[PDB]
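Notes follow once the structure below has been shown.
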Amino acid sequence: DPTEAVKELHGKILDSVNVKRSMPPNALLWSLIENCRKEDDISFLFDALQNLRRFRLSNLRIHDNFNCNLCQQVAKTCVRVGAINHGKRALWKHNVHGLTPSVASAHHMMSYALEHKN
RNA sequence: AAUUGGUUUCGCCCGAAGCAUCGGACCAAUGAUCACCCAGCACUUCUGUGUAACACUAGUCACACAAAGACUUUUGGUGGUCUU
Ligand SMILES: [Mg+2]
């Protein structure tokens, strides 16, 4: 059901976060979010988004969340894919993925809703 | 005449488990010291993407860009050495 480009990225940084015990460089996380097409990869992106939040504090002792521009780009990834239920989770104040709510995410949701006419 | 069993002690042969002492051996971990790889805090962008004025639709600032950069410094890994 998912795509191979996001699957082979996903298992790669899961192998890095669980076996090598070093955090993966953010370039491949970004190339994971740039390659999402169908409905059935954003849950694997959420699994990665959860594992990285775990590892950043667990090993590297990093307390803050993912940053605001990353919130906008994961919002635009999910809303261009079309999963509205997964996209609206990006504005949640209490989430396991560390997605700080912002305004640009709601702007992207309202832009898609403008195009979709709901 | 011959004959059967003990019990104690001493000299030789072999050496179960064990404690002791050496020896290679970086065996398996731990500590130290080198390097190498990500990432973070400071930063600079002619880089893309959003907020807010204005200007008629372009500019100007605020941001995070991780998108790079290059000295530092830290967290975690990796690979060598300690008269091991
Ligand atoms: Mg013996």
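Identifiers in this document derive from the order of the structure tokens: chains are assigned A, B, ..., residues are numbered from 1 separately in each chain, and ligands are numbered from 1 in order of occurrence.
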
Using only C-alpha atoms (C1' of nucleotides) and all ligand atoms, which residues have at least one atom no more than 8 Å from ligand 1? Output them as a list in words. residues 15, 16 and 17 of chain B

Write out, as a PDB file, in the first residue's frame, the residues just selected, with C-alpha atoms (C1' of nucleotides).
ATOM      1  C1'   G B  15      45.784 -35.546  39.459  1.00  0.00           C
ATOM      2  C1'   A B  16      38.408 -34.616  40.245  1.00  0.00           C
ATOM      3  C1'   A B  17      36.399 -29.601  42.004  1.00  0.00           C
TER       4        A B  17
END

Got a sec to tell me which of chain A DSSP assigns to helix (DSSP H, G or I), as a compact mmCIF listing (two decimals) with N, CA, C and O atoms, in the first residue's frame?
# COMPACT_ATOMS: atom_id res chain seq x y z
N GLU A 4 7.39 2.80 -2.56
CA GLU A 4 8.70 2.22 -2.29
C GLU A 4 9.71 3.29 -1.88
O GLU A 4 10.59 3.03 -1.05
N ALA A 5 9.59 4.50 -2.43
CA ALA A 5 10.53 5.57 -2.10
C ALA A 5 10.41 6.00 -0.65
O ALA A 5 11.42 6.33 -0.01
N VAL A 6 9.20 5.97 -0.08
CA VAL A 6 9.06 6.30 1.32
C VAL A 6 9.29 5.08 2.20
O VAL A 6 9.73 5.24 3.34
N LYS A 7 9.07 3.87 1.68
CA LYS A 7 9.31 2.66 2.46
C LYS A 7 10.79 2.44 2.72
O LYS A 7 11.20 2.14 3.85
N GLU A 8 11.61 2.57 1.67
CA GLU A 8 13.04 2.34 1.83
C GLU A 8 13.73 3.47 2.58
O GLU A 8 14.78 3.25 3.18
N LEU A 9 13.16 4.68 2.55
CA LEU A 9 13.61 5.71 3.47
C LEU A 9 13.23 5.37 4.90
O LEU A 9 14.07 5.46 5.82
N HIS A 10 11.96 4.95 5.11
CA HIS A 10 11.41 4.70 6.44
C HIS A 10 12.21 3.63 7.17
O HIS A 10 12.71 3.87 8.27
N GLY A 11 12.40 2.47 6.53
CA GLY A 11 13.18 1.41 7.16
C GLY A 11 14.63 1.81 7.37
O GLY A 11 15.24 1.36 8.35
N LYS A 12 15.18 2.68 6.52
CA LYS A 12 16.56 3.13 6.70
C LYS A 12 16.72 3.95 7.97
O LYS A 12 17.62 3.68 8.79
N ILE A 13 15.86 4.95 8.17
CA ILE A 13 16.12 5.71 9.39
C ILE A 13 15.57 5.02 10.63
O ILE A 13 16.03 5.32 11.73
N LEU A 14 14.66 4.05 10.48
CA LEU A 14 14.33 3.21 11.63
C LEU A 14 15.49 2.31 12.02
O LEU A 14 15.75 2.11 13.21
N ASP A 15 16.23 1.78 11.04
CA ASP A 15 17.45 1.03 11.33
C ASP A 15 18.51 1.91 11.97
O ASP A 15 19.21 1.46 12.88
N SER A 16 18.63 3.17 11.54
CA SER A 16 19.56 4.09 12.19
C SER A 16 19.14 4.47 13.61
O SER A 16 20.01 4.62 14.48
N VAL A 17 17.84 4.62 13.87
CA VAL A 17 17.41 5.04 15.20
C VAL A 17 17.36 3.85 16.17
O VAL A 17 17.42 4.04 17.39
N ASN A 18 17.29 2.61 15.67
CA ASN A 18 17.16 1.48 16.57
C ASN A 18 18.38 0.57 16.65
O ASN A 18 18.55 -0.10 17.67
N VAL A 19 19.23 0.52 15.63
CA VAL A 19 20.39 -0.37 15.63
C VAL A 19 21.69 0.39 15.77
O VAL A 19 22.53 0.06 16.60
N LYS A 20 21.89 1.43 14.95
CA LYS A 20 23.13 2.19 15.02
C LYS A 20 23.17 3.14 16.21
O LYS A 20 24.26 3.57 16.60
N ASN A 26 18.74 15.08 8.92
CA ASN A 26 17.42 15.59 8.58
C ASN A 26 17.15 15.63 7.08
O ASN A 26 15.98 15.78 6.69
N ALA A 27 18.18 15.49 6.25
CA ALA A 27 18.00 15.50 4.81
C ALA A 27 17.09 14.37 4.36
O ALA A 27 16.20 14.57 3.52
N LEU A 28 17.26 13.18 4.92
CA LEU A 28 16.43 12.05 4.53
C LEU A 28 15.03 12.10 5.15
O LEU A 28 14.09 11.57 4.53
N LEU A 29 14.85 12.74 6.30
CA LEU A 29 13.51 13.05 6.79
C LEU A 29 12.78 13.98 5.82
O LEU A 29 11.59 13.79 5.52
N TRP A 30 13.48 15.00 5.33
CA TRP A 30 12.86 15.92 4.39
C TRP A 30 12.59 15.24 3.05
O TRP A 30 11.53 15.45 2.45
N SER A 31 13.50 14.40 2.59
CA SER A 31 13.24 13.64 1.37
C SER A 31 12.18 12.56 1.57
O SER A 31 11.64 12.05 0.58
N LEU A 32 11.89 12.18 2.82
CA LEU A 32 10.72 11.37 3.11
C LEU A 32 9.44 12.18 2.94
O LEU A 32 8.48 11.70 2.33
N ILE A 33 9.41 13.41 3.46
CA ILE A 33 8.15 14.16 3.34
C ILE A 33 7.95 14.71 1.94
O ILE A 33 6.81 15.03 1.57
N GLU A 39 -2.61 8.21 0.12
CA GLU A 39 -3.12 8.25 1.48
C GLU A 39 -2.31 7.40 2.46
O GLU A 39 -2.24 7.73 3.65
N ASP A 40 -1.64 6.35 1.98
CA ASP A 40 -1.11 5.30 2.84
C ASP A 40 0.39 5.42 3.09
O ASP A 40 1.08 4.40 3.18
N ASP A 41 0.91 6.64 3.22
CA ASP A 41 2.28 6.83 3.70
C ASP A 41 2.39 7.80 4.87
O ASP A 41 3.44 7.84 5.52
N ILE A 42 1.34 8.57 5.16
CA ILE A 42 1.42 9.57 6.21
C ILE A 42 1.40 8.93 7.60
O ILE A 42 1.93 9.52 8.54
N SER A 43 0.88 7.71 7.75
CA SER A 43 1.02 7.02 9.03
C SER A 43 2.46 6.55 9.26
O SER A 43 2.94 6.58 10.40
N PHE A 44 3.16 6.14 8.20
CA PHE A 44 4.58 5.84 8.35
C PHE A 44 5.40 7.10 8.61
O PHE A 44 6.37 7.07 9.38
N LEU A 45 5.00 8.22 7.99
CA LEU A 45 5.62 9.50 8.32
C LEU A 45 5.37 9.88 9.77
O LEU A 45 6.25 10.46 10.42
N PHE A 46 4.18 9.58 10.29
CA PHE A 46 3.88 9.82 11.70
C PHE A 46 4.71 8.94 12.61
O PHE A 46 5.14 9.39 13.68
N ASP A 47 4.93 7.68 12.22
CA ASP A 47 5.80 6.79 12.99
C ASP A 47 7.22 7.32 13.05
O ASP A 47 7.84 7.32 14.13
N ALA A 48 7.74 7.81 11.92
CA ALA A 48 9.05 8.46 11.91
C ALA A 48 9.05 9.72 12.77
O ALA A 48 9.98 9.97 13.54
N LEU A 49 7.99 10.53 12.65
CA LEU A 49 7.87 11.78 13.39
C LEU A 49 7.82 11.54 14.90
O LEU A 49 8.29 12.38 15.68
N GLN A 50 7.26 10.41 15.32
CA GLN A 50 7.24 10.01 16.72
C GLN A 50 8.60 9.50 17.18
O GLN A 50 9.07 9.87 18.27
N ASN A 51 9.24 8.65 16.37
CA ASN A 51 10.53 8.08 16.74
C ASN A 51 11.61 9.15 16.86
O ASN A 51 12.47 9.06 17.75
N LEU A 52 11.60 10.14 15.97
CA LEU A 52 12.60 11.20 16.04
C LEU A 52 12.41 12.08 17.27
O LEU A 52 13.40 12.48 17.90
N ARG A 53 11.16 12.37 17.63
CA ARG A 53 10.88 13.12 18.86
C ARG A 53 11.33 12.34 20.08
O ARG A 53 11.85 12.92 21.04
N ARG A 54 11.14 11.01 20.07
CA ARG A 54 11.65 10.18 21.15
C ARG A 54 13.17 10.25 21.24
O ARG A 54 13.72 10.53 22.31
N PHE A 55 13.86 10.04 20.12
CA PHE A 55 15.32 9.94 20.13
C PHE A 55 16.02 11.25 20.45
O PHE A 55 17.07 11.23 21.10
N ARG A 56 15.46 12.38 20.00
CA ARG A 56 16.11 13.68 20.20
C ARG A 56 16.23 14.03 21.67
O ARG A 56 17.24 14.60 22.09
N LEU A 57 15.24 13.68 22.48
CA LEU A 57 15.32 13.85 23.92
C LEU A 57 15.97 12.67 24.62
O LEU A 57 16.65 12.87 25.64
N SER A 58 15.78 11.45 24.10
CA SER A 58 16.26 10.26 24.79
C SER A 58 17.78 10.19 24.78
O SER A 58 18.40 9.87 25.79
N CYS A 68 8.78 25.61 13.60
CA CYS A 68 7.55 26.13 13.01
C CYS A 68 7.50 25.93 11.51
O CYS A 68 6.43 25.61 10.97
N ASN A 69 8.62 26.12 10.82
CA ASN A 69 8.64 25.91 9.37
C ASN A 69 8.44 24.44 9.02
O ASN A 69 7.75 24.14 8.03
N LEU A 70 8.99 23.53 9.82
CA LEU A 70 8.73 22.11 9.63
C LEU A 70 7.25 21.78 9.83
O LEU A 70 6.72 20.92 9.13
N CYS A 71 6.59 22.47 10.77
CA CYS A 71 5.15 22.29 10.92
C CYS A 71 4.39 22.69 9.65
O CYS A 71 3.50 21.96 9.21
N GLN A 72 4.77 23.83 9.05
CA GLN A 72 4.12 24.27 7.81
C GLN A 72 4.35 23.28 6.68
O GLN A 72 3.43 22.98 5.91
N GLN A 73 5.57 22.77 6.55
CA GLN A 73 5.85 21.88 5.43
C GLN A 73 5.26 20.48 5.61
O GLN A 73 4.85 19.88 4.61
N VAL A 74 5.17 19.96 6.84
CA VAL A 74 4.44 18.70 7.00
C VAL A 74 2.94 18.91 6.82
O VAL A 74 2.25 18.00 6.31
N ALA A 75 2.41 20.08 7.19
CA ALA A 75 1.02 20.41 6.91
C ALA A 75 0.75 20.44 5.42
O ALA A 75 -0.23 19.84 4.95
N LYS A 76 1.62 21.10 4.65
CA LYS A 76 1.44 21.18 3.21
C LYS A 76 1.66 19.83 2.53
O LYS A 76 0.96 19.54 1.56
N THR A 77 2.54 18.99 3.07
CA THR A 77 2.68 17.62 2.57
C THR A 77 1.39 16.84 2.73
O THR A 77 0.86 16.28 1.75
N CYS A 78 0.84 16.82 3.94
CA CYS A 78 -0.38 16.04 4.18
C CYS A 78 -1.59 16.60 3.46
O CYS A 78 -2.45 15.83 3.02
N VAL A 79 -1.69 17.93 3.32
CA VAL A 79 -2.85 18.49 2.65
C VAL A 79 -2.74 18.38 1.13
O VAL A 79 -3.77 18.32 0.44
N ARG A 80 -1.52 18.31 0.58
CA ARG A 80 -1.41 18.00 -0.84
C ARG A 80 -1.66 16.53 -1.11
O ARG A 80 -2.14 16.17 -2.19
N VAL A 81 -1.31 15.65 -0.16
CA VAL A 81 -1.69 14.24 -0.27
C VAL A 81 -3.21 14.11 -0.25
O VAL A 81 -3.80 13.40 -1.07
N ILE A 84 -7.22 14.82 5.12
CA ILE A 84 -7.62 15.94 5.95
C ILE A 84 -7.56 15.60 7.45
O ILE A 84 -7.21 16.46 8.26
N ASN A 85 -7.85 14.35 7.82
CA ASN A 85 -7.84 13.95 9.22
C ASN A 85 -6.42 13.93 9.77
O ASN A 85 -6.18 14.32 10.91
N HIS A 86 -5.47 13.47 8.96
CA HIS A 86 -4.08 13.51 9.37
C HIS A 86 -3.51 14.93 9.30
O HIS A 86 -2.65 15.28 10.11
N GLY A 87 -3.98 15.74 8.35
CA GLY A 87 -3.50 17.11 8.24
C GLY A 87 -3.95 18.00 9.38
O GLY A 87 -3.17 18.83 9.87
N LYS A 88 -5.20 17.85 9.82
CA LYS A 88 -5.70 18.67 10.92
C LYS A 88 -5.05 18.33 12.25
O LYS A 88 -5.13 19.13 13.19
N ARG A 89 -4.39 17.17 12.35
CA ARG A 89 -3.63 16.82 13.55
C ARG A 89 -2.41 17.71 13.76
O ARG A 89 -1.87 17.73 14.86
N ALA A 90 -1.97 18.43 12.73
CA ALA A 90 -0.76 19.24 12.84
C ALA A 90 -0.98 20.50 13.68
O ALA A 90 0.00 21.12 14.09
N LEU A 91 -2.22 20.89 13.92
CA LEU A 91 -2.54 22.03 14.76
C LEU A 91 -2.91 21.62 16.18
O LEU A 91 -3.39 22.45 16.95
N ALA A 104 -0.09 28.96 9.61
CA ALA A 104 0.12 28.60 8.21
C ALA A 104 -0.47 27.23 7.87
O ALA A 104 -0.88 27.00 6.73
N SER A 105 -0.52 26.33 8.85
CA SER A 105 -1.18 25.04 8.63
C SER A 105 -2.66 25.22 8.36
O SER A 105 -3.20 24.62 7.42
N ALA A 106 -3.33 26.06 9.15
CA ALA A 106 -4.74 26.37 8.91
C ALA A 106 -4.93 27.10 7.59
O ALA A 106 -5.95 26.92 6.92
N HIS A 107 -3.95 27.93 7.21
CA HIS A 107 -4.00 28.58 5.91
C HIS A 107 -3.96 27.58 4.76
O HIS A 107 -4.70 27.72 3.79
N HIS A 108 -3.10 26.56 4.87
CA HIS A 108 -3.03 25.53 3.84
C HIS A 108 -4.30 24.68 3.81
O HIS A 108 -4.79 24.32 2.72
N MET A 109 -4.85 24.36 4.99
CA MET A 109 -6.11 23.63 5.05
C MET A 109 -7.24 24.43 4.42
O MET A 109 -8.06 23.88 3.68
N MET A 110 -7.30 25.74 4.69
CA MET A 110 -8.35 26.56 4.10
C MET A 110 -8.12 26.80 2.62
O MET A 110 -9.09 26.98 1.88
N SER A 111 -6.87 26.77 2.15
CA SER A 111 -6.62 26.85 0.71
C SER A 111 -7.13 25.61 -0.01
O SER A 111 -7.78 25.70 -1.07
N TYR A 112 -6.85 24.43 0.55
CA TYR A 112 -7.38 23.21 -0.04
C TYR A 112 -8.90 23.16 0.05
O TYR A 112 -9.56 22.66 -0.86
N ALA A 113 -9.46 23.66 1.15
CA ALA A 113 -10.91 23.69 1.28
C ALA A 113 -11.54 24.71 0.33
O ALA A 113 -12.68 24.53 -0.10
N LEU A 114 -10.81 25.78 0.01
CA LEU A 114 -11.22 26.70 -1.05
C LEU A 114 -11.29 25.98 -2.39
O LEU A 114 -12.25 26.16 -3.15
N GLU A 115 -10.27 25.19 -2.70
CA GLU A 115 -10.26 24.47 -3.98
C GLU A 115 -11.32 23.36 -4.00
O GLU A 115 -11.90 23.07 -5.05
N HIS A 116 -11.57 22.73 -2.85
CA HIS A 116 -12.43 21.56 -2.76
C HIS A 116 -13.90 21.90 -2.55
O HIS A 116 -14.76 21.05 -2.83

Taking only C-alpha atoms (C1' of nucleotides) into account, what are the residues of chain B at most 6 Å from chain A, put as a ChimeraX atom specification? /B:38,64,75-77

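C1' of residue 27 in chain B sits 18.4 Å away from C1' of residue 79 in chain B.
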